[PDB]
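Got a structure for you, questions after.
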Amino acid sequence: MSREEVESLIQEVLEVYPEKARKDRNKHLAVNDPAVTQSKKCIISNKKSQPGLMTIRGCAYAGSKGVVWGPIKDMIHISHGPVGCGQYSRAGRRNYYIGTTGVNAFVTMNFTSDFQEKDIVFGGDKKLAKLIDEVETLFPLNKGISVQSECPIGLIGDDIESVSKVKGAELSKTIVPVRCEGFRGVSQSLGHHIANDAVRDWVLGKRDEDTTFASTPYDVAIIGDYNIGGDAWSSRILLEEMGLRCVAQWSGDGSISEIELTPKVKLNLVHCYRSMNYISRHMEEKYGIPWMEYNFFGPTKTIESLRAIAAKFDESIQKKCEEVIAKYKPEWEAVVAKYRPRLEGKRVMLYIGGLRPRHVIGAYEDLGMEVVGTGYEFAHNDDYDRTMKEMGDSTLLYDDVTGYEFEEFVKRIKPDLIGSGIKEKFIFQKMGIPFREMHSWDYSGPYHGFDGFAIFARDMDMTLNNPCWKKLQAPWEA
Amino acid sequence: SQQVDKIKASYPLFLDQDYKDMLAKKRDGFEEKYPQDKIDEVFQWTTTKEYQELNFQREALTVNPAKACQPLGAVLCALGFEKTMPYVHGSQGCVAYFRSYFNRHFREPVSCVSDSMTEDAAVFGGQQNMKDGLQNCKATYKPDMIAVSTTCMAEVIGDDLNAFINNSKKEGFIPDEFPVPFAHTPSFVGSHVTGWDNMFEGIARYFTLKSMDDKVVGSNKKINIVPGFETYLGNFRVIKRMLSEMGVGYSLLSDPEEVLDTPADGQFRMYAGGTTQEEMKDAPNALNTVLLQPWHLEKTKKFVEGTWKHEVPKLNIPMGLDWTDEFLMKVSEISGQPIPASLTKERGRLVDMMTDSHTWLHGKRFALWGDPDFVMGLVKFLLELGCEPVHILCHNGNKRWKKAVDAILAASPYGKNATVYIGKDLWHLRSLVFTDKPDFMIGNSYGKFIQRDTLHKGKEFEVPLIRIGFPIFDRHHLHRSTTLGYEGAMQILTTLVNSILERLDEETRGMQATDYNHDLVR
Amino acid sequence: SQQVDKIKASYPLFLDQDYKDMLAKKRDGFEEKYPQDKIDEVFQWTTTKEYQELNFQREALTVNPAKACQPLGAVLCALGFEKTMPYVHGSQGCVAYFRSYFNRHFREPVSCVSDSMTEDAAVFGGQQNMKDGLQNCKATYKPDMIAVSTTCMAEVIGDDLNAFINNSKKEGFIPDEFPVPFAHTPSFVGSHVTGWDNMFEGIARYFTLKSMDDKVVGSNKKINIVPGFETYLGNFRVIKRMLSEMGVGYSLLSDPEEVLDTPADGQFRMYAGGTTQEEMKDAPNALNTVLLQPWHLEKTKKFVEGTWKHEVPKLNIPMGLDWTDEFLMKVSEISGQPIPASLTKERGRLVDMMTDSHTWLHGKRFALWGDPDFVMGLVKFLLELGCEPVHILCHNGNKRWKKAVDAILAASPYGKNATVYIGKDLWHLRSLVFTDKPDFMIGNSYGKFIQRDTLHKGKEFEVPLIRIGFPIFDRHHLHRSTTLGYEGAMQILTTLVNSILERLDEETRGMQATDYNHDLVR
Ligand code: CFM
Ligand code: CLF
Ligand SMILES: [Ca+2]
Ligand SMILES: [Ca+2]
């Protein structure tokens, strides 16, 4: 509480850092103050992570294969490089889909060129070509391929672009060369931008000359929703219920077809700003398709969005929007009625990717909880501006928080619940603080929309008020 | 919708009619997916010998590998030493992956750092990353030792770890005497186990090479033990149990059992007990060194025999009856400690369990995969039980290892219809369980998809997976289990027999139809 | 027919067309079985609340009990003492049954004798049977002690065991000093556990009653431990482990862990290690006595407090976190031995396992049965995990015990929808899992038929059985498991969580349909 007590905290933690690291870190720790809209408020983001401080960031590969490209169902994604990236990444993210894995959908699988020494020394550009053929032979039903560059590929300079263009022309298949080399950039963030550009150049344009698709005045597209645990579906159902037609979901239960169809949508609904804003802007300046951001975390936020979205259309839509809000009202109402009392006033600290850290705040407040602190791994100042109007005055803010930092911060803050990633979970459970994975929903159902809200609510209560927590200290000790 | 009183998560939820209908429309409307017929067709195709053949003709594409890159092993190896902090010189992305990969298997925290090399660090060669990274690491997490590993990036650009570290010390970034062992672990060579090997050998060199003068074999009256890449807490513990049970002076080099099982008591212990640096420095003074998993400790073997002058026994991984006997007897010989009646009885009990269950076991055909040693051993035990390891797959296996297993198979009638497969991924195995269908398959969590595939063909085609190995992500706490020694043997035996009985009960659960064989006693 | 190369046993065999057709003709030709419709109808009926009500109105008929007669317990109790031979004075039929019942659960030999009373032995009262039986028993099997139990037959005819035994000795049939403790165990009173209680108390009386003069509490610096009816080798071992781990002088009275786990090494050991007679004679000199399973050691409690003058602590069966803590702390207090960091850490780990798995556990409703103590404890642990023991059934339970459990349930929000059922058989439970369907059921092998029934209604109605308890006949070696202490807790926790995940994987194994939720990591 109080920015003074907080600033002292920040300054205390910084003490262990050797002058160089201390100087840098201070710029990424800040006390929130609404109204402030910039970096002015001691907050700089999207910069090189300090070596040795054990950050929680990832690589460009994770940005492309991991979050953007991997999710596409009817498409084979090749982890081009040594085994590892693909393996560690195999079925890690819960980007749910509907398909016969192995025949038409391939998400679960880990296709890799399993680079071996001779492939580096001589460049596996030929290996890739041969690989592709093997793919077409063994997976006839794929509607496209994508090579995800791992560090090696970027260094040795393999002309993957050419291999893709030549094989693509020959086989008449869309083969997308992505330069998401882990070292390129500073986190998964650039990976997003790269993946987006790849889509723009190799996939989107495919249907520009085609006009066969029957469009409607209510054709919308959900972009930036990876259907984690079903998130996209739970969001889609609402939109369509209010008369809209979701032509495509970007990296949810996504197929290459619907991605190519996207340029025909009347409006683009951006959920995850940080990852899709790039392509969203491109679609606008080119196809003249307007885009707006929205939030489905919690009823207040969901309803807010539903209305704002319907407002972009005519009355039939707006009228329906209200019917939808009306329909789900007793439900989410019953949800808060049951859970809020159990979570009322309980303080929460967060740290996630580049959206959720601010987006889920609404949902928390809907259950009467207070987010005393939050931060991102790869968010740019774009996000931080938006973050400040969400965080209550004097709440702690952090960018690319070091492991040590999060620990010390948590020590004084003493939140009732913490929400972060897998690399964090057990650390805080050890400390006796109820933890909940905000990346993978801790293997739980969707959180998006009303249906997801009920689940989110149950989960928070389930953990936060679990009897296991009282039993941390053995009776024979005090 | 949702019924507050009985909330439905993703699973029962998306089965609701309004949801189903939505997906149907989505599919038919913008997915353009192949007709259900084509899908069904291509699927049935992927199960034929014709497909399998083309599948095995693969020379580039690797699908669903059964391995991981070197650095992962280096890290695990690093975690086995007291207050040591794994440091992977290279891209930060890897470290995040390593941590999580282990996080999920152990359901414990996994401390590891990267010096976060980026674009210009790769072009200009990240020597600064090493300097700052080391300084920052020590200052922040206060480790007593830092074990440096690498990423393909750092391996391609030839970053001289040694030069960097040396300069890091000379330029005052860290105390000159601070233990900073390193190891080159190219992702694109060998596999995770090789990483473990390299990392260990490097550490062994660090605390030994120079100080070899005052060392004398046997002087410490201990027997060095190298576990190698081990992901079962029980496997470390059983070895230490038996050794202590015999009263054998030993020294387990790289013991992360503590780090991987910190008690949850409101306190977070980043580091935990492990192999003390002194144990490593004193290691050459040991009577000898036993490598629990020889097949991936090759480099270490050469260093131990060459520099430490230890006559490392040609022992197989202590798995199953025979091999455990050999292990104990060898240890007994080296330490002069007679096998206690304690262990003798334990051996007898396992035999008893074997005799009690031989009926159901005898004849059961299995498909399996995992690291070389693990597999090799699993095979031997399977043979001892009277089972048939028809499909033995070890992606990270080599020519010599294949021969070894083949010889083992040729030593028993039960190995008659077995076939060892090296450099083969799980997609290859998928075909094997379709064409030459076994009863069950023993492996890591990745096999659950093979079982999914098999069942999709038909119930009688479903080949149940028995989770033994690494990694196991879809089952809580199996990492506590044991596979080594009679204890591990007993567990495996029990697990197998019960797995068989389970499937039988299911198959015979059909009332009126198949429940006639649903026996109360088995 | 049969294909020599691939022989089909009863299961796949009778599924062959010629066989099916034969059965069809047999049924339609001479069985006169009720029409499939009527069968299906009456079945659906047996699942309704209407049926369940009539089912619970039963006052005479007992269907599928969850208990056994006293003598069984007496025998198990007998087997816990060094070179002791269980002798059941009565009909030989019982003994054959007892032996086999245990044979199947332990998969070990079960030595027990009967003095084979027949028609005229019942009419004339088998005193001779006792005389000859004892003489013959000693001479043939050379036991050091003979523990006499009874059969309803001998209990009805009022055969004075004591008189018989006394006369057996006086008439020179056996040495007067040969230890022949006895106990009346009427089949028709209490249950098997009561038999265990009676048998123990009788033995305790035998080596104590008279010699109580020289006895002084605490003089031996040991803590007596009475396990009671225990059918898990691990349960005896864990208690002994912890006690030794604390350095607590103890004396486990009735320890058949050895007898029930003889090593198979070409030799048959009829008798094995057990509680030495001296330990029993010296037992009164102990600091105190802890009853691991108080609810069925009632008679023993009174004898210990009354004659031994030991202030027996009011401790619950050491099951689950809390109760294990209480047990340790109490033992600590009595022995003055501080709980070692060894155990403290172990407790912490269990908590850690709980925290790692609390997600899947929280909310899962269970149905369960077994002996009073076992059940009571299982319930407590379930509550600690955040699960809901909705149907708590203990056939051999009593009014006071029900209250105890009820109070335990009233102490936690999770017990809110639980209901304790005493004097209820598995047929009653069958209805409970149909009407108020739980997620899984924890119990002995007898429940496999309940799961068969449930599945027959429909897949979504199937309530999987988790085999924990006694007896377990359809699964090899589960009798080695542990349920007591943190160790037992950890095992149970693991078992439960994994059982949940298993069923989930099955439910989500449907490709295209439900496999979308088939996560690799959980
Ligand atoms: S850590 Fe999202 S910017 Fe990205 S995998 Fe998670 S807080 Fe990502 S909302 Fe998303 S589905 Fe994410 S949870 Fe943007 S896609 S690089 Mo880790
Ligand atoms: S930051 Fe990312 S995961 Fe790292 S390498 Fe770079 S793209 Fe890949 Fe790959 S095989 Fe293993 S995990 Fe690497 S050491 Fe190479
Ligand atoms: Ca843990
Ligand atoms: Ca046996």
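Any read-out appearing in this document is the output of simple, stated calculations on the displayed coordinates, not a laboratory observation. All Cβ positions, even for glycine, are placed from backbone atoms using ideal geometry, and neighbour counts span all protein chains on display.
Please compute the average number of Cβ atoms from other chains found within 10 Å of each residue's Cβ in peptide A:397-403. Write out the running numbers ahead of the final one.
On the way: counts 0, 0, 0, 1, 0, 4, 8.
Mean partner-chain Cβ count within 10 Å for A:397-403: 2.
Can you list, shortest first in nanometers, how far C:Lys33 lies from the same residue in the other copies, with each label 7 Å from Cα toward Cβ?
Taking the point 7 Å beyond Cα along Cα→Cβ, the inter-copy spacings are 4.1 nm.
Now for a separate question. Measuring from the lowest to the highest alpha carbon on each principal axis, how far does the protein assembly as shown reach, largest first, in angstroms?
So the extents along the principal axes, rounded to whole Å, are 113, 87, 74.
Cα-based Rg (one decimal) and Dmax (whole number) for the stretch B:364-469, in Å?
Over the stretch B:364-469's Cα set, Rg and Dmax evaluate to 12.7, 38 Å.
Kindly provide the pair-distance distribution of the stretch B:69-214 built from C-alpha pairs, with 5 Å bins from 0 and whole-percent values in order of increasing distance.
2, 11, 21, 25, 22, 13, 5, 2, 0, 0
Rounded, prolate or oblate: which fits the stretch C:450-522, taking a ≥ b ≥ c as square roots of the Cα gyration tensor eigenvalues, rounded meaning a/c under 1.5, else prolate when a/b beats b/c?
Numbers: a/c = 3.04, a/b = 1.47, b/c = 2.07.
Note, shape of the stretch C:450-522 comes out oblate.
List the extent of the Cα atoms of the stretch B:215-319 along each of their three principal axes, largest first, rounded to whole Å.
The principal-axis extents, from largest down, are 46, 29, 28 Å.
Then there's this: Please report, in cubic angstrom per residue, the volume enclosed by the convex hull of the alpha-carbon atoms of the stretch B:280-378.
Values: hull volume 11.2 nm³, N = 99.
Value for the stretch B:280-378: 113 Å³ per residue.
Any idea what angle helix B:36-45 forms with the longest principal axis of chain B, computed on alpha-carbon atoms, 0 to 90 degrees, nearest 10?
Helix B:36-45 and the main axis of chain B meet at about 60 degrees.
Specify the angular offset, from 0 to 90 degrees and rounded to the nearest 10, of the alpha carbon long axis of helix C:320-335 from the longest principal axis of the alpha carbons in chain C.
With both axes taken from Cα atoms, the answer is about 10 degrees.
If you take all C-alpha pairs in the stretch B:299-343, what percent of them are over 12 Å apart? Intermediate values should be presented prior to the final figure.
Numbers: 656 of 990 pairs.
So the portion of pairs separated by more than 12 Å is 66 percent.
Just want to confirm a number: the relative contact order over chain C, from Cα pairs under 8 angstrom separated by 6+ residues, in percent.
Working: 917 pairs, mean separation 80.9, N = 522.
Over chain C, the number comes to 15 percent.
Using the Kirkwood radius built from alpha carbon pairs, what does the Stokes-Einstein equation give as D for the stretch C:66-122 at 25 °C and 0.890 mPa s, in µm² per second? Please list the in-between numbers first.
Working: Rh = 11.8 Å.
For these conditions, the coefficient is 207 µm²/s.
With a point put 7 Å past each Cα toward its Cβ, work out how far A:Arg342 is from B:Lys281 in nm, to one decimal.
Calculated label separation equals 5.5 nm.
While we're on this one: How much of the DSSP beta bridge set in chain B is antiparallel, as a percent to the nearest 5?
Numbers: 0 of 31 bridges.
Antiparallel bridges make up about 0 percent of those DSSP assigns within chain B.
Number of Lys-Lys pairs in the stretch A:203-317 under 25 Å by Cα, sequence gap 8 or more or different chains?
10
Could you tell me what fraction of 2.2 N^0.38 Å the Cα radius of gyration of the stretch A:203-317 comes to, as a two-decimal ratio?
Details: Rg = 13.3 Å, N = 115, 2.2 N^0.38 = 13.4 Å.
Normalised Cα radius of gyration, the stretch A:203-317: 0.99.
Tabulate in residue order the Karplus-calculated ³J(HN,Hα) for the stretch C:74-91, using 6.51 cos²θ - 1.76 cosθ + 1.60 with θ = phi - 60°, rounded to whole Hz; enter x for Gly and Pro.
Each residue of the stretch C:74-91 in turn: 3, 4, 3, 4, 4, 4, x, 10, 2, 6, 9, 10, x, 10, 9, 6, x, 5 Hz.
Cα convex hull of chain C: mean projected area in nm², to one decimal? Present the calculation step by step, with values, prior to reporting the outcome.
Details: hull surface 122.1 nm².
That works out to 30.5 nm².
What's the long-distance tail for the stretch A:60-202, i.e. % of Cα pairs beyond 27 Å? Please list the in-between numbers first.
Working: 1112 of 10153 pairs.
Within the stretch A:60-202, distances greater than 27 Å cover 11 percent of Cα pairs.
Which entries of C:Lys142/C:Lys299; C:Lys215/C:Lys240; A:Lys470/C:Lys345; A:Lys470/B:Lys6; B:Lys221/B:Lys309; B:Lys221/B:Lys345 have Cα-Cα distances beyond 20 Å here? Please list the in-between numbers first.
Values: C:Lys142/C:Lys299 30 Å; C:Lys215/C:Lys240 25 Å; A:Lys470/C:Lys345 17 Å; A:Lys470/B:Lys6 26 Å; B:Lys221/B:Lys309 15 Å; B:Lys221/B:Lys345 27 Å.
In this structure, C:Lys142/C:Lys299; C:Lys215/C:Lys240; A:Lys470/B:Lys6; B:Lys221/B:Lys345 lie more than 20 Å apart at Cα.
Still on this structure: With just the Cα atoms defining each centre, how far is the stretch A:341-385 from the stretch A:242-314? Give it in Å.
Each part's Cα centre sits 23 Å from the other's.
Given H placed 1.01 Å from N in the peptide plane, which residues other than close sequence neighbours of B:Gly370 have an amide H under 5 Å from its amide H?
For B:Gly370, whose amide H was placed from the backbone, the distant partners under 5 Å are B:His395.
List the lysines whose Cα lies under 25 Å from the Cα of A:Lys41, skipping any in the same chain that are fewer than 8 positions away.
In chain and number order, the partners are A:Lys20, A:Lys23, A:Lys27, A:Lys389, A:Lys411, A:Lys414.
Right, another one. Sort largest first and round to whole Å: the equivalent ellipsoid semi-axes of chain A, each the square root of five times a Cα gyration tensor eigenvalue.
Values: eigenvalues 271, 174, 84 Å².
Ellipsoid half-lengths, sorted descending, are 37, 29, 21 Å.
Still on this model: Based on the Cβ-Cβ distance of B:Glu177 and B:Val217, what FRET efficiency does E = 1/(1 + (r/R0)^6) give at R0 = 22 Å, to the nearest 0.05?
Details: r = 27 Å, r/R0 = 1.23.
The pair B:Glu177/B:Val217 has a calculated efficiency of 0.20.
Which one of C:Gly320, B:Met212, B:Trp45 is farthest out on the positive end of the charge dipole of the protein assembly as shown, using unit charges on Cβ (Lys, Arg +1; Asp, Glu -1) and the Cα centre as origin?
Projecting each Cα onto the dipole axis, the largest value belongs to B:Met212.
What's the angle, to the nearest 10 degrees (0 to 90), between helix C:485-507's Cα axis and the longest principal axis of chain C?
Orientation of helix C:485-507: about 20 degrees from the principal axis.
Here's a follow-up. Using alpha carbons only, how many angstrom separate the centre of the stretch A:163-229 from the centre of the stretch B:101-125?
Centre-to-centre (Cα) distance: 28 Å.
Excluding residues fewer than 8 places away in the same chain, name every one of the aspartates and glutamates whose C-alpha is closer than 12 Å to that of C:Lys302.
Reachable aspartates and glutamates: C:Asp197, C:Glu201, C:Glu311.
Counting only residues 5 or more places away or on other chains, whose amide H sits under 5 Å from the amide H of B:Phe182 once H atoms are built in the peptide plane?
For B:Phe182, whose amide H was placed from the backbone, the distant partners under 5 Å are B:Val148.
Tell me, what ³J(HN,Hα) does each residue in the stretch C:299-307 have, in order and in whole Hz, if you take phi through Karplus 6.51 cos²θ - 1.76 cosθ + 1.60 with θ = phi - 60° and put x for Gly and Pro?
Computed from phi, the couplings for the stretch C:299-307 are 4, 5, 4, 4, 5, 5, 5, x, 8 Hz.
So how do B:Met280, B:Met153 line up by other beta-carbon neighbours within 10 Å, fewest first?
On the way: B:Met280 24, B:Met153 29.
Fewest to most other Cβ atoms nearby, the residues stand as B:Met280, B:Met153.
Compute the distance in nm between two label points, each set 7 Å from the Cα along the Cα-to-Cβ direction, one at C:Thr140 and one at A:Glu19.
Taking the simple label geometry, C:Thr140 and A:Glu19 are separated by 9.5 nm.
Next question. P(r) for the stretch A:303-359, please, calculated from all Cα pair distances in 10 Å bins and given in %.
Here the calculated profile for the stretch A:303-359 is 19, 28, 36, 16, 1.
Then there is this: I'd like the FRET efficiency for C:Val4 and C:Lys49, computed as 1/(1 + (r/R0)^6) with the beta carbon distance as r and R0 of 51 Å, rounded to 0.05.
On the way: r = 54 Å, r/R0 = 1.06.
Approximately 0.40, to the nearest 0.05.
Sequence neighbours fewer than 8 away in the same chain don't count; with that in mind, list the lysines whose C-alpha is under 17 Å from B:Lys403.
Partners within reach: B:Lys314, B:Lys380, B:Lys416, B:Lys424.
Give the residue list of chymotrypsin sites (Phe, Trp or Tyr not before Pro) in the stretch C:442-522 that are DSSP loop and have at most 13 other beta-carbon atoms within 10 angstrom.
Details: sites: C:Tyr446, C:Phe449, C:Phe461, C:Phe473, C:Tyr486, C:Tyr516; in loops: C:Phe473.
Sparse-neighbourhood loop chymotrypsin sites (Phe, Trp or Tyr not before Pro): none present.
Just rank B:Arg400, C:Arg99, fewest to most, by other beta-carbon atoms within 10 angstrom. Intermediate values should be presented prior to the final figure.
Numbers: B:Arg400 11, C:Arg99 18.
Ordered from fewest to most neighbouring Cβ atoms within 10 Å, B:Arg400, C:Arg99 come out as B:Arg400, C:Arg99.
If amide hydrogens are placed 1.01 Å from N in the peptide plane, which non-local residues have theirs closer than 5 Å to the one on A:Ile145?
A:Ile76, A:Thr174, A:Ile175, A:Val176
Could you tell me the center-to-center distance, by alpha carbons, between the stretch B:186-258 and the stretch B:1-53 in angstrom?
Cα centres, the stretch B:186-258 to the stretch B:1-53: 49 Å.
Taking neighbour counts of Cβ atoms within 10 Å as a proxy for exposure, in what order, fewest first, do C:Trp369, B:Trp401 appear? Can you show the working numbers first?
Values: C:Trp369 30, B:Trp401 19.
Arranged by neighbour count, lowest to highest, C:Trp369, B:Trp401 become B:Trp401, C:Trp369.
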